[PDB]
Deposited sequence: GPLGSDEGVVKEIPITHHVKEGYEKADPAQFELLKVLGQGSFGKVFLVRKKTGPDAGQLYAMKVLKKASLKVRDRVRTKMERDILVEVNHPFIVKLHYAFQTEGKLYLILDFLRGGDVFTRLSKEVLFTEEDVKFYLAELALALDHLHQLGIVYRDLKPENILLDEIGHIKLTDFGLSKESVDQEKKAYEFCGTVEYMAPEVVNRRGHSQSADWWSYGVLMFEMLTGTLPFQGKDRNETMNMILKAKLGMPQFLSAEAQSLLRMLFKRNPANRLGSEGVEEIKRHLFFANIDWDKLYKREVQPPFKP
């Protein structure tokens, strides 16, 4: 059973309850669909002077089929340091990712190989499945959510939160069940995974119209040519991910069939998880 768990309070192990007067607004890190993400400096305690990202929502919940904030911790998922509420607003204090997003870093290279992309998709698959083993669905997977740390490793900017902006959803990566509105599943995550792999590999989106409606009819119905310049294993993985019907889609029966795909044959997953696999690029 899906159980939503509201996010009202969270103090990272060993630390004390935080509040807005312990932080220092410095800069606007970016703008996301649910409002701005800020840069703050903590002025207090063992981590006084530490830089964090801060998200300011009206409310947020975590829908989990079946501490959940301590179990979501992952090498490639942004870490929650503090969560609190003041004056009708929920504050989210998280890791400051200094790498920028992946797509930009890719744009600062004249070219890259399928290997380079493969690194990112491998780490990403690890994080996604880590959320899936916990009954969490990422729901909104996009490039703006995939950033890099200081080394070049992947870090997702959220972890399946159901959120609500305070100042009173990306169709391009929606699976056809989500456009038809039959609910987010982990298989939908894998569809979006496939769209991210397609864009990172061709520099183009598979489906995109003049409006959001056209993009939806395209996702549901349009033809999609297979880019011939792709390796047999990349084309294989892609066509295995682009199943309009979930449970027919790869990944709907675990991540294991994904990790064992020919495309990822030269990837040691234990070394990847332990971040002993060097990034293609330093940010």
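Residues of the deposited sequence lacking C-alpha coordinates fall in the stretches 1-8, 75-82, 185-192, numbered from 1.
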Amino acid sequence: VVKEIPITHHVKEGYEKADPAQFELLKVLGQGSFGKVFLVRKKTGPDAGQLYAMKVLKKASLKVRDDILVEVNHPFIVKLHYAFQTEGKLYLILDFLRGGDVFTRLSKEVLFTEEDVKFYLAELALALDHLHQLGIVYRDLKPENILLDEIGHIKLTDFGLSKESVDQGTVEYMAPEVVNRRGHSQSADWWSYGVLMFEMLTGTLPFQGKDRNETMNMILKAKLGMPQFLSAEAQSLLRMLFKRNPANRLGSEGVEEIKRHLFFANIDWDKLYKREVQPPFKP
From here on, numbers count along this sequence of modelled residues.
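Higher average CA B factor: 253-261, of the stretches 230-238 and 253-261.
When the mean C-alpha temperature factors of 114-122 and 157-165 are read from the deposited coordinates, 157-165 comes out higher.
Across the options 85, 145, 104, 192, the residue with the most elevated CA B-factor in the record is 85.
Looking only at 95, 199, 140, 177, the residue with the top Cα B factor in the deposited structure is 140. The entry lists a Cα temperature factor for residue 64 that places it in the highest third of the chain's modelled residues. Residue 129: CA B factor in the middle third of modelled residues in this chain (values from the PDB entry). Among all modelled residues in this chain, the alpha-carbon of residue 170 has a temperature factor (C-alpha) in the highest third. Placement of the Cα temperature factor of residue 99 within the chain: lowest third of the modelled residues, per the deposited record. When the CA B factors of the chain's modelled residues are split into thirds, the value for residue 90 lands in the highest one.
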